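What follows is a single structure, written as structure tokens, with notes after it.
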Number of protein chains: 2
Amino acid sequence: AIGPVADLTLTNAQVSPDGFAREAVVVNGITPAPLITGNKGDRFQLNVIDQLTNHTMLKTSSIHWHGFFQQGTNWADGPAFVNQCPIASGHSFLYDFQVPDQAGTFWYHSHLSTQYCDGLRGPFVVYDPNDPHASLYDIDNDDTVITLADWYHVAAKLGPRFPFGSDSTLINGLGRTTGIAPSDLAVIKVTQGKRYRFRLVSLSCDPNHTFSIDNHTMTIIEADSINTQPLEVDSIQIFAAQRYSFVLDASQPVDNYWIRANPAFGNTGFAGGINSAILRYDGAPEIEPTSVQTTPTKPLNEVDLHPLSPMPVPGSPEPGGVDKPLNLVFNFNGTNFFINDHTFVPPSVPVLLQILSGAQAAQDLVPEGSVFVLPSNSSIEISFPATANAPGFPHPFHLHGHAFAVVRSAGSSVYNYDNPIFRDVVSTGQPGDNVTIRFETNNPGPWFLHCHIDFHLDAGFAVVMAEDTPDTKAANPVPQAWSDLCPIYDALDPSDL
Amino acid sequence: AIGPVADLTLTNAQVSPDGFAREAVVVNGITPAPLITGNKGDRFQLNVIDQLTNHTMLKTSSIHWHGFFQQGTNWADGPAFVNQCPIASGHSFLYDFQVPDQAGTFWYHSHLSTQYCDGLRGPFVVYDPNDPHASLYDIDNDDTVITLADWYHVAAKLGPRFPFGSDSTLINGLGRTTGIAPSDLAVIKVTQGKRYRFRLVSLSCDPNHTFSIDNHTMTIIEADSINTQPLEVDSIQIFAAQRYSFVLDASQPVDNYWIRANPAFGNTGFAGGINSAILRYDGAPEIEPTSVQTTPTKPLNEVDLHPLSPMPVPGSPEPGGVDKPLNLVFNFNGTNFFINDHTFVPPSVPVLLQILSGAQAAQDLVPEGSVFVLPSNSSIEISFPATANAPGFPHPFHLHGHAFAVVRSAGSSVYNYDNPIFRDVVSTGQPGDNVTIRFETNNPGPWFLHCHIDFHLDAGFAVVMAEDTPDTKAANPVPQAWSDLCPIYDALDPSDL
Ligand SMILES: *[C@@H]1O[C@H](CO)[C@@H](O[C@@H]2O[C@H](CO)[C@@H](O[C@@H]3O[C@H](CO[C@H]4O[C@H](CO)[C@@H](O)[C@H](O)[C@@H]4O)[C@@H](O)[C@H](O)[C@@H]3O)[C@H](O)[C@H]2NC(C)=O)[C@H](O)[C@H]1NC(C)=O
Ligand SMILES: *[C@@H]1O[C@H](CO)[C@@H](O[C@@H]2O[C@H](CO)[C@@H](O[C@@H]3O[C@H](CO[C@H]4O[C@H](CO)[C@@H](O)[C@H](O)[C@@H]4O)[C@@H](O)[C@H](O)[C@@H]3O)[C@H](O)[C@H]2NC(C)=O)[C@H](O)[C@H]1NC(C)=O
Ligand SMILES: *[C@@H]1O[C@H](CO)[C@@H](O[C@@H]2O[C@H](CO)[C@@H](O[C@@H]3O[C@H](CO)[C@@H](O)[C@H](O)[C@@H]3O)[C@H](O)[C@H]2NC(C)=O)[C@H](O)[C@H]1NC(C)=O
Ligand SMILES: *[C@@H]1O[C@H](CO)[C@@H](O[C@@H]2O[C@H](CO)[C@@H](O[C@@H]3O[C@H](CO)[C@@H](O)[C@H](O)[C@@H]3O)[C@H](O)[C@H]2NC(C)=O)[C@H](O)[C@H]1NC(C)=O
Ligand SMILES: *[C@@H]1O[C@H](CO)[C@@H](O[C@@H]2O[C@H](CO)[C@@H](O)[C@H](O)[C@H]2NC(C)=O)[C@H](O)[C@H]1NC(C)=O
Ligand SMILES: *[C@@H]1O[C@H](CO)[C@@H](O[C@@H]2O[C@H](CO)[C@@H](O)[C@H](O)[C@H]2NC(C)=O)[C@H](O)[C@H]1NC(C)=O
Ligand SMILES: *[C@@H]1O[C@H](CO)[C@@H](O[C@@H]2O[C@H](CO)[C@@H](O)[C@H](O)[C@H]2NC(C)=O)[C@H](O)[C@H]1NC(C)=O
Ligand SMILES: *[C@@H]1O[C@H](CO)[C@@H](O[C@@H]2O[C@H](CO)[C@@H](O)[C@H](O)[C@H]2NC(C)=O)[C@H](O)[C@H]1NC(C)=O
Ligand SMILES: *[C@@H]1O[C@H](CO)[C@@H](O)[C@H](O)[C@H]1NC(C)=O
Ligand SMILES: *[C@@H]1O[C@H](CO)[C@@H](O)[C@H](O)[C@H]1NC(C)=O
Ligand SMILES: [O-][O-]
Ligand SMILES: [O-][O-]
Ligand SMILES: [Cu+2]
Ligand SMILES: [Cu+2]
Ligand SMILES: [Cu+2]
Ligand SMILES: [Cu+2]
Ligand SMILES: [Cu+2]
Ligand SMILES: [Cu+2]
Ligand SMILES: [Cu+2]
Ligand SMILES: [Cu+2]
Ligand code: NA
Ligand code: NA
Ligand SMILES: [Zn+2]
Ligand SMILES: [Zn+2]
Ligand SMILES: [Zn+2]
Ligand SMILES: [Zn+2]
Ligand SMILES: [Zn+2]
Ligand SMILES: [Zn+2]
Ligand SMILES: [Zn+2]
Ligand SMILES: [Zn+2]
Ligand SMILES: [Zn+2]
Ligand SMILES: [Zn+2]
Ligand SMILES: [Zn+2]
Ligand SMILES: [Zn+2]
Ligand SMILES: [Zn+2]
Ligand SMILES: [Zn+2]
Ligand SMILES: [Zn+2]
Ligand SMILES: [Zn+2]
């Protein structure tokens with residue numbers, strides 16, 4: 001790997017990760033983008049150098065560092081027109097943030113329109129030299145990150161507004177398509193007798209995936225950067241933008257075993273070795289697995305996850321037991337999603353800049369009705385009741401700036417106010433569900449809250465949770481370079497966006 | 001009403017059933033098309049006079065008489081390029097068929113592309129002078145037919161390939177839109193103390209509807225033209241192309257009560273009186289209801305329906321207990337649906353004409369792989385396992401030429417080989433379901449089997465069940481007028497289709 005200090009150069013290039021050549025957005029010459037690493041406490045200084053030349057995939061860009069709280073550096077969070085104006089082609093912009101109090105598996109991606117789907121996405125790991133789970137595994141390194149990515153042969157802006165799944169699923173940036181000539185599968189090497197911490201990261205633009213490894217079980221020790229009690233499972237449904245670490249004990253006979261990541265829809269199954277990669281024990285022949293899958297007997301259920309460290313749920317143990325309860329009503333009108341009867345339209349002036357300029361009340365912030373102003377140091381409860389009025393469910397919603405307690409998970413009618421998992425992306429399930437979260441407002445600034453299906457986000461499925469507006473300016477000093485972004489951006493010709 | 005002998009003139013016209021004026025396809029100057037009636041045993045002679053002028057809504061046409069078996073008149077069934085070539089504009093074509101052995105609630109619609117969605121659809125009732133349910137009701141007439149229709153402001157060929165619901169729901173051809181000026185609601189008049197046989201018919205192009213009447217229950221006595229044991233319910237989910245008769249006892253206080261037909265998706269609910277009509281007791285003021293709905297305590301479940309007359313299930317009481325078992329595998333690739341890896345593409349030469357010309361084996365019939373050849377006088381079992389690979393579920397599949405036993409309903413894991421309902425359209429449910437039907441091949445000819453969501457049909461979600469190919473010509477003599485259709489049609493300029 002690279003980091004915690006690194007240049008990240010954005011270019012357009014031809015890639016063929018599934019055998020099919022297409023133009024993409026790449027970072028330091030690759031997609032998925034390079035693994036960034038550091039250790040808990042590190043200061044990351046990631047200098048984003050925009051050399052993009054292709055307007056169809058957007059020459060402007062903005063990067064979000066998914067999972068990091070950005071406390072005191074809200075201007076670095078990334079969402080275009082919420083936390084910054086986009087960077088322009090031929091300019092650079094330094095993200096500079098510290099990670100005092102987190103460690104785990106993260107990722108980073110474009111947060112402008114659907115650009116991450118065209119390739120600007122990769123994994124990001126912060127190691128804990130005092131990891132409480134260290135004794136559970138031997139080996140944890142660049143070679144134990146596993147990324148999943150949906151890959152499309154037609155560019156995000158050129159295909160359907162809402163594609164029906166992708167052409168291939170890439171595991172560690174490789175995967176096969178339905179087509180006559182099989183391309184190369186990714187191979188993840190292990191030595192028999194060792195235990196691995198695999199760090200599974202969904203870089204998906206849209207579908208969720210069901211991930212399993214033939215003949216092996218997986219002990220989950222982390223979810224979305226939060227340490228968990230160990231939970232042994234044999235299958236994991238992982239939604240866009242989620243992470244898990246799981247320990248794999250390579251204690252099976254030296255062989256090749258299929259690693260499977262079956263998307264929820266699109267080109268499903270494993271015919272011809274699609275949606276697959278290869279776990280290869282050292283000394284197994286260099287051929288495809290012939291291992292066989294079985295029906296899971298212990299599939300992951302989110303209600304079975306619990307934080308390793310006690311993490312009290314904000315507020316009091318009843319529906320509405322908090323300072324500010326919010327129920328989000330989803331709708332859709334064929335082209336745009338809505339939350340409480342508003343589709344998000346990104347404003348000219350980034351929300352953070354509006355707030356720094358003196359707009360502190362919801363009524364004064366734009367887009368009107370999509371920006372919620374929350375009091376500081378308070379408990380918040382948000383429910384996302386699923387509905388057929390919001391197709392493409394289950395929508396995985398993501399809240400910037402925090403980890404939330406999932407007091408009610410999809411597929412469950414239990415409320416858990418005791419020891420629920422905390423995470424940052426949560427499936428909001430299917431009609432009948434009423435997935436409910438809590439968090440405390442301990443992080444002054446405007447934070448995005450949106451579906452992480454990037455096609456839905458781009459069609460307006462988002463609101464902004466602006467907490468502690470009166471202390472936002474003091475809490476989040478902006479660097480001059482950040483103040484320069486809007487004047488550069490607003491000067492661009494439309495053909496250079 | 002009109003029939004059993006009638007002219008049905010097809011024109012284009014401007015209509016505004018929900019307050020919004022648009023060009024449509026109308027029959028005898030109206031949409032929904034006029035109620036056709038006769039009595040069991042009648043010979044229907046429906047002369048379809050095509051005076052359509054608008055190519056965007058198709059100037060050619062073909063009509064199907066939904067629910068009728070057409071035994072010995074397969075050439076009259078209607079599906080374009082399965083049973084006939086379309087009629088041309090400036091020509092007429094006589095459908096002439098008998099109904100010796102059926103009576104109940106039916107409907108008729110264009111069976112060319114998506115034309116019925118642009119307005120060519122209406123109800124069709126065959127009364128039974130010896131109806132076994134006659135003593136259950138007092139009044140059964142033109143005024144007790146209730147039709148449901150999804151209505152779109154943009155024409156079928158001009159809007160989305162797969163629309164997200166309709167703009168309004170019309171009940172008896174009237175209904176409101178979301179818009180500032182409420183248009184007129186339909187009013188269904190009853191006199192207190194009388195009992196009505198209401199004949200509910202879904203003319204839907206796509207969504208299913210949940211139908212209820214405030215303060216009243218509904219005793220189902222017929223499903224898809226099959227008499228049932230009486231089943232009292234307080235809500236009915238009715239899928240596209242299904243019918244029910246239910247008896248309503250007008251025994252509530254003289255008032256206005258809301259009639260509700262809530263589509264599965266689109267503009268849902270009842271704000272502003274959308275998706276509604278008015279049951280008005282004679283002497284109630286001429287105003288909107290203020291009645292209130294309640295959660296159903298006895299919603300219809302299909303497994304609760306049973307034929308009034310014992311109807312033995314074909315074959316023997318186990319999975320695969322039949323002469324020819326068939327499992328249909330659904331898929332979708334973003335624009336086209338597939339069944340067993342074939343999308344239906346309608347052939348130049350109608351399937352029936354191919355068969356009359358001497359093609360009798362599946363291998364010789366086109367489109368290859370979409371035409372199944374079934375032996376005569378045999379038991380057939382077909383399963384339609386639901387899958388996310390076929391979005392837009394639950395798909396209501398329809399089999400021409402017969403009524404089938406629904407041995408396994410959606411939402412149910414029971415197999416009923418004893419007294420299951422027989423019907424002709426069945427919801428194939430949601431992933432997890434494996435809806436299964438049986439029928440006997442007692443009706444020589446090619447019969448269509450397809451999703452009755454018209455957008456899906458048009459995107460290829462259909463196969464042809466060609467039974468008794470060797471006796472099809474003998475069983476189904478064709479009139480000269482029918483033999484003339486293809487030469488007229490094949491001579492048309494493309495701008496006159
Ligand atoms: C800027 O970024 C754009 C988005 O990535 C690039 O868009 C590309 O634009 C080209 C030219 O219009 C499109 O070309 C189409 O490609 C297919 C070819 O597909 C292949 O078909 C067989 C099998 O499927 C394949 O093996 C052959 O090699 C073909 O390449 C054609 O069917 C179309 O007629 C047309 O050629 C690309 O599809 C499109 N790319 C994407 C990813 O959407 C644009 O080229 C970029 N600008 C520059 C300077 O690179
Ligand atoms: C043949 O059949 C076609 C399909 O029905 C007809 O297609 C029509 O084509 C016209 C002209 O291109 C389209 O016109 C568009 O209509 C809307 C107007 O909508 C209304 O907007 C407000 C509120 O929404 C409304 O109250 C006003 O009265 C407007 O009428 C415009 O927004 C577009 O710019 C354009 O005018 C029709 O939409 C389209 N109809 C349908 C049903 O899709 C075609 O006219 C027919 N040929 C003949 C000779 O009648
Ligand atoms: C999903 O969960 C949310 C949050 O629990 C539900 O919204 C809440 O619904 C409750 C129950 O109706 C409302 O409770 C209150 O009840 C009292 C007593 O009648 C009433 O006086 C209050 O005005 C209120 O109705 C509560 O207000 C509401 N909370 C919020 C923040 O809106 C929601 O209905 C659930 N949605 C689904 C589809 O399950
Ligand atoms: C939906 O239901 C259909 C029909 O029941 C299922 O297809 C049938 O699947 C069964 C069970 O696997 C097959 O049974 C047979 O088992 C014997 C014993 O192993 C085997 O030797 C036979 O070759 C056969 O596999 C049966 O063939 C098959 N029937 C047909 C017509 O294909 C289907 O799997 C169900 N789908 C879902 C998703 O539930
Ligand atoms: C991995 O697991 C599979 C199935 O769980 C193993 O195959 C089973 O092994 C038992 C014990 O030998 C056999 O008796 C069963 O017939 C097998 N079950 C099935 C469903 O095939 C398999 O050998 C293991 N290893 C590989 C490489 O697949
Ligand atoms: C769905 O809702 C969106 C947002 O209301 C509609 O988009 C707006 O439509 C009006 C009329 O064109 C414009 O004033 C805005 O510029 C639109 N915003 C957009 C397009 O992002 C959209 O047209 C609605 N779609 C349908 C099919 O009704
Ligand atoms: C129709 O039914 C509703 C509700 O089922 C009636 O309202 C209920 O009537 C009881 C008896 O008077 C009241 O005590 C309850 O408060 C009502 N329940 C609810 C949910 O409101 C209603 O009066 C009936 N008639 C009309 C025209 O709505
Ligand atoms: C989905 O499948 C359909 C049917 O296979 C594809 O349509 C065919 O595509 C090829 C290439 O254009 C043609 O030879 C046929 O004429 C097409 N039939 C049609 C368009 O009805 C369709 O292109 C596939 N769609 C996608 C997005 O892959
Ligand atoms: C915020 O408010 C609580 C009261 O609920 C108060 O006791 C405390 O001092 C504040 N907490 C923090 C962490 O600043
Ligand atoms: C068809 O076949 C059955 C045998 O299963 C035979 O007994 C009978 O004569 C035939 N039935 C009819 C109705 O023609
Ligand atoms: O992550 O947005
Ligand atoms: O009915 O097709
Ligand atoms: Cu993210
Ligand atoms: Cu994020
Ligand atoms: Cu979504
Ligand atoms: Cu985000
Ligand atoms: Cu029909
Ligand atoms: Cu039919
Ligand atoms: Cu369908
Ligand atoms: Cu049909
Ligand atoms: Na809606
Ligand atoms: Na598929
Ligand atoms: Zn190039
Ligand atoms: Zn510049
Ligand atoms: Zn537990
Ligand atoms: Zn507003
Ligand atoms: Zn926080
Ligand atoms: Zn406890
Ligand atoms: Zn503060
Ligand atoms: Zn442009
Ligand atoms: Zn006109
Ligand atoms: Zn002519
Ligand atoms: Zn029963
Ligand atoms: Zn074929
Ligand atoms: Zn029959
Ligand atoms: Zn019995
Ligand atoms: Zn025969
Ligand atoms: Zn044309």
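Here's how to read the names in the structure tokens: chain A, B, ... by the order shown, residue numbers from 1 in each chain, ligand numbers from 1 in the order shown.
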(request) Could I get the residue neighbourhood of ligand 8 at 9 Å, counting only C-alpha atoms and all ligand atoms, as a PyMOL selection string? (result) (chain A and resi 164) or (chain B and resi 332-338+342-345+459-460)
Those residues you just picked out, can you put them in a file as a PDB file, in the first residue's frame with C-alpha atoms?
```pdb
ATOM      1  CA  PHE A 164     -30.826  -3.827 -14.162  1.00  0.00           C
TER       2      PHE A 164
ATOM      3  CA  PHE B 332     -34.718 -10.410 -17.815  1.00  0.00           C
ATOM      4  CA  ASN B 333     -31.800  -8.531 -19.339  1.00  0.00           C
ATOM      5  CA  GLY B 334     -32.928  -4.949 -18.842  1.00  0.00           C
ATOM      6  CA  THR B 335     -35.128  -4.552 -21.940  1.00  0.00           C
ATOM      7  CA  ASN B 336     -36.516  -8.073 -22.593  1.00  0.00           C
ATOM      8  CA  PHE B 337     -38.034 -10.829 -20.510  1.00  0.00           C
ATOM      9  CA  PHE B 338     -37.125 -14.462 -21.034  1.00  0.00           C
ATOM     10  CA  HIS B 342     -36.031 -17.225 -24.991  1.00  0.00           C
ATOM     11  CA  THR B 343     -37.706 -13.846 -25.354  1.00  0.00           C
ATOM     12  CA  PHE B 344     -40.922 -14.096 -27.412  1.00  0.00           C
ATOM     13  CA  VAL B 345     -40.581 -12.399 -30.788  1.00  0.00           C
ATOM     14  CA  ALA B 459     -40.994  -7.105 -23.953  1.00  0.00           C
ATOM     15  CA  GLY B 460     -41.276 -10.840 -24.683  1.00  0.00           C
TER      16      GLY B 460
END
```
(message) If DSSP is run on the backbone, what residues of range 36-217 of chain A are strand (DSSP E or B)? A reply as a PyMOL selection string would be ideal.
(response) chain A and resi 36-39+43-50+61+63-66+80+84+87+92-98+104-110+121-127+139+145-151+168-171+174+187-190+195-202+209-213
(request) Check which residues fall inside 6 Å of ligand 15 when counting only C-alpha atoms and all ligand atoms, and print them as a PyMOL selection string. (result) chain A and resi 392+395+451+453+456
Enumerate as a tab-separated table (two decimals) with N, CA, C and O atoms, in the first residue's frame the residues within 9 Å of ligand 13, counting only C-alpha atoms and all ligand atoms.
```
chain	number	residue	atom	x	y	z
A	64	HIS	N	-14.98	11.25	-1.24
A	64	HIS	CA	-15.38	10.96	0.12
A	64	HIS	C	-14.62	9.76	0.70
A	64	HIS	O	-14.36	8.73	0.00
A	65	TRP	N	-14.30	9.88	1.99
A	65	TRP	CA	-13.53	8.90	2.72
A	65	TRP	C	-14.53	8.17	3.62
A	65	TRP	O	-14.99	8.68	4.64
A	66	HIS	N	-15.11	7.12	3.03
A	66	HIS	CA	-16.30	6.51	3.62
A	66	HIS	C	-16.04	5.88	4.98
A	66	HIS	O	-15.35	4.86	5.08
A	67	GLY	N	-16.77	6.34	5.98
A	67	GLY	CA	-16.75	5.73	7.31
A	67	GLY	C	-16.05	6.66	8.32
A	67	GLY	O	-16.20	6.48	9.52
A	106	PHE	N	-12.41	0.69	5.66
A	106	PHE	CA	-13.12	1.81	5.10
A	106	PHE	C	-12.98	1.71	3.59
A	106	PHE	O	-12.43	0.72	3.07
A	107	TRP	N	-13.39	2.76	2.89
A	107	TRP	CA	-13.13	2.85	1.46
A	107	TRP	C	-13.26	4.27	1.05
A	107	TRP	O	-13.65	5.12	1.85
A	108	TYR	N	-12.89	4.58	-0.20
A	108	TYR	CA	-13.06	6.00	-0.65
A	108	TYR	C	-13.57	5.96	-2.09
A	108	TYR	O	-13.33	4.99	-2.83
A	109	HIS	N	-14.28	6.99	-2.48
A	109	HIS	CA	-14.94	6.99	-3.79
A	109	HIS	C	-15.27	8.41	-4.17
A	109	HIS	O	-15.59	9.22	-3.28
A	110	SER	N	-15.48	8.63	-5.46
A	110	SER	CA	-16.07	9.89	-5.88
A	110	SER	C	-17.42	10.09	-5.19
A	110	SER	O	-18.24	9.14	-5.05
A	111	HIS	N	-17.69	11.31	-4.75
A	111	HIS	CA	-19.00	11.66	-4.27
A	111	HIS	C	-19.58	12.77	-5.15
A	111	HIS	O	-20.18	13.71	-4.66
A	203	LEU	N	-17.62	-2.15	-2.75
A	203	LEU	CA	-17.54	-0.89	-3.52
A	203	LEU	C	-18.73	-0.77	-4.51
A	203	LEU	O	-18.67	-0.05	-5.52
A	240	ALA	N	-24.34	-2.42	-0.61
A	240	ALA	CA	-23.39	-1.41	-1.13
A	240	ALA	C	-22.81	-0.61	0.02
A	240	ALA	O	-23.55	-0.07	0.87
A	241	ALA	N	-21.48	-0.45	-0.02
A	241	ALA	CA	-20.74	0.44	0.92
A	241	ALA	C	-20.51	-0.12	2.31
A	241	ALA	O	-19.71	0.46	3.07
A	242	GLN	N	-21.05	-1.30	2.62
A	242	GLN	CA	-20.74	-1.96	3.91
A	242	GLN	C	-19.36	-2.59	3.93
A	242	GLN	O	-18.75	-2.88	2.87
A	398	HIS	N	-27.03	5.45	4.23
A	398	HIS	CA	-25.72	5.75	4.79
A	398	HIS	C	-25.81	7.12	5.44
A	398	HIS	O	-26.24	8.08	4.79
A	400	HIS	N	-23.41	10.10	6.95
A	400	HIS	CA	-22.04	10.64	7.11
A	400	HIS	C	-21.83	11.12	8.53
A	400	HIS	O	-22.80	11.50	9.20
A	425	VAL	N	-23.76	2.04	7.29
A	425	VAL	CA	-24.67	1.79	6.16
A	425	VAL	C	-25.65	0.69	6.60
A	425	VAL	O	-25.22	-0.39	7.05
A	452	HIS	N	-27.24	4.55	-0.70
A	452	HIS	CA	-25.92	4.38	-1.27
A	452	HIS	C	-25.94	3.59	-2.59
A	452	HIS	O	-24.91	3.16	-3.12
```
Give me, as CSV, each residue of chain B that comes within 10 Å of chain A, together with its shortest interatomic pair and the distance in Å at one decimal, counting only C-alpha atoms, with rows ordered by chain and rising residue number.
```
residue,atom,partner,partner_atom,distance
B:160,CA,A:334,CA,8.8
B:162,CA,A:334,CA,9.5
B:163,CA,A:334,CA,7.0
B:164,CA,A:334,CA,5.3
B:165,CA,A:334,CA,8.3
B:167,CA,A:333,CA,10.0
B:264,CA,A:388,CA,7.4
B:265,CA,A:389,CA,5.6
B:266,CA,A:389,CA,6.4
B:267,CA,A:389,CA,8.0
B:268,CA,A:389,CA,7.6
B:331,CA,A:266,CA,9.1
B:332,CA,A:266,CA,8.0
B:333,CA,A:164,CA,7.1
B:334,CA,A:164,CA,5.3
B:335,CA,A:164,CA,8.9
B:387,CA,A:265,CA,9.0
B:388,CA,A:265,CA,5.9
B:389,CA,A:265,CA,5.6
B:390,CA,A:265,CA,8.7
B:391,CA,A:265,CA,8.7
B:392,CA,A:391,CA,9.7
```
Export N, CA and C atoms of the chosen residues as an mmCIF file, in the first residue's frame?
```cif
data_model
loop_
_atom_site.group_PDB
_atom_site.id
_atom_site.type_symbol
_atom_site.label_atom_id
_atom_site.label_comp_id
_atom_site.auth_asym_id
_atom_site.auth_seq_id
_atom_site.Cartn_x
_atom_site.Cartn_y
_atom_site.Cartn_z
ATOM 1 N N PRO B 160 -42.329 5.555 -20.834
ATOM 2 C CA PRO B 160 -41.283 4.584 -20.469
ATOM 3 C C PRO B 160 -41.637 3.168 -20.935
ATOM 4 N N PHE B 162 -41.121 0.536 -19.256
ATOM 5 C CA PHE B 162 -41.794 0.052 -18.056
ATOM 6 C C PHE B 162 -42.204 1.147 -17.058
ATOM 7 N N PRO B 163 -43.434 1.706 -17.182
ATOM 8 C CA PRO B 163 -43.816 2.893 -16.404
ATOM 9 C C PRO B 163 -43.876 2.524 -14.935
ATOM 10 N N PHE B 164 -43.623 3.507 -14.079
ATOM 11 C CA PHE B 164 -43.767 3.280 -12.660
ATOM 12 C C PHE B 164 -45.211 3.620 -12.234
ATOM 13 N N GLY B 165 -46.125 2.727 -12.573
ATOM 14 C CA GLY B 165 -47.500 2.957 -12.233
ATOM 15 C C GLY B 165 -48.117 3.963 -13.170
ATOM 16 N N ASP B 167 -50.971 7.301 -14.015
ATOM 17 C CA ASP B 167 -51.331 8.591 -13.469
ATOM 18 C C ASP B 167 -52.567 8.569 -12.619
ATOM 19 N N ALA B 264 -50.892 -1.137 -6.585
ATOM 20 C CA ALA B 264 -49.758 -1.696 -5.817
ATOM 21 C C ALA B 264 -48.610 -0.666 -5.748
ATOM 22 N N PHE B 265 -48.514 0.220 -6.740
ATOM 23 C CA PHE B 265 -47.382 1.171 -6.797
ATOM 24 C C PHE B 265 -47.830 2.266 -7.709
ATOM 25 N N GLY B 266 -47.132 3.388 -7.671
ATOM 26 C CA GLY B 266 -47.497 4.535 -8.502
ATOM 27 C C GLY B 266 -48.021 5.619 -7.582
ATOM 28 N N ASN B 267 -49.179 6.188 -7.907
ATOM 29 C CA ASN B 267 -49.801 7.186 -7.049
ATOM 30 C C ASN B 267 -50.748 6.460 -6.120
ATOM 31 N N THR B 268 -50.232 6.050 -4.965
ATOM 32 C CA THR B 268 -50.978 5.205 -4.033
ATOM 33 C C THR B 268 -51.765 6.026 -2.997
ATOM 34 N N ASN B 331 -36.235 -14.853 -16.738
ATOM 35 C CA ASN B 331 -35.095 -13.978 -16.672
ATOM 36 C C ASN B 331 -35.452 -12.670 -17.345
ATOM 37 N N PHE B 332 -34.499 -11.754 -17.333
ATOM 38 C CA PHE B 332 -34.718 -10.410 -17.815
ATOM 39 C C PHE B 332 -33.328 -9.847 -18.019
ATOM 40 N N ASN B 333 -33.131 -9.056 -19.060
ATOM 41 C CA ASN B 333 -31.800 -8.531 -19.339
ATOM 42 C C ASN B 333 -31.796 -7.013 -19.423
ATOM 43 N N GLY B 334 -32.794 -6.390 -18.813
ATOM 44 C CA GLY B 334 -32.928 -4.949 -18.842
ATOM 45 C C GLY B 334 -33.964 -4.378 -19.799
ATOM 46 N N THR B 335 -34.144 -5.020 -20.957
ATOM 47 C CA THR B 335 -35.128 -4.552 -21.940
ATOM 48 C C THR B 335 -36.121 -5.678 -22.286
ATOM 49 N N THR B 387 -38.624 -15.042 -9.032
ATOM 50 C CA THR B 387 -37.200 -14.768 -8.990
ATOM 51 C C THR B 387 -36.942 -13.309 -9.206
ATOM 52 N N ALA B 388 -35.903 -12.787 -8.585
ATOM 53 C CA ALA B 388 -35.532 -11.390 -8.718
ATOM 54 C C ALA B 388 -34.925 -11.113 -10.087
ATOM 55 N N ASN B 389 -34.634 -12.167 -10.804
ATOM 56 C CA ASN B 389 -34.118 -12.123 -12.177
ATOM 57 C C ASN B 389 -35.298 -11.713 -13.097
ATOM 58 N N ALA B 390 -36.525 -11.725 -12.558
ATOM 59 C CA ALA B 390 -37.692 -11.183 -13.320
ATOM 60 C C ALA B 390 -38.358 -10.063 -12.531
ATOM 61 N N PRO B 391 -37.814 -8.844 -12.633
ATOM 62 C CA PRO B 391 -38.351 -7.725 -11.871
ATOM 63 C C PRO B 391 -39.744 -7.376 -12.358
ATOM 64 N N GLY B 392 -40.425 -6.535 -11.596
ATOM 65 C CA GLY B 392 -41.835 -6.261 -11.779
ATOM 66 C C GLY B 392 -42.755 -7.337 -11.247
#
```
(request) Compile the contact shell of residue 174 in chain B as a PyMOL selection string: residues with an atom at most 7 Å away, counting only C-alpha atoms, same-chain residues fewer than 6 positions apart removed. (result) chain B and resi 17-18+184-186
Residues of the last selection are to be written out with C-alpha atoms, as an mmCIF file, in the first residue's frame.
```cif
data_model
loop_
_atom_site.group_PDB
_atom_site.id
_atom_site.type_symbol
_atom_site.label_atom_id
_atom_site.label_comp_id
_atom_site.auth_asym_id
_atom_site.auth_seq_id
_atom_site.Cartn_x
_atom_site.Cartn_y
_atom_site.Cartn_z
ATOM 1 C CA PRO B 17 -61.585 10.348 -17.858
ATOM 2 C CA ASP B 18 -59.511 11.872 -15.010
ATOM 3 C CA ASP B 184 -65.780 13.735 -11.296
ATOM 4 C CA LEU B 185 -65.833 10.447 -9.348
ATOM 5 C CA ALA B 186 -67.852 7.448 -10.546
#
```
(request) Give the helix (DSSP H, G or I) residues of range 178-425 of chain A, as assigned by DSSP on the backbone, as a PyMOL selection string. (result) chain A and resi 271-273+302-304+351-356+362-364
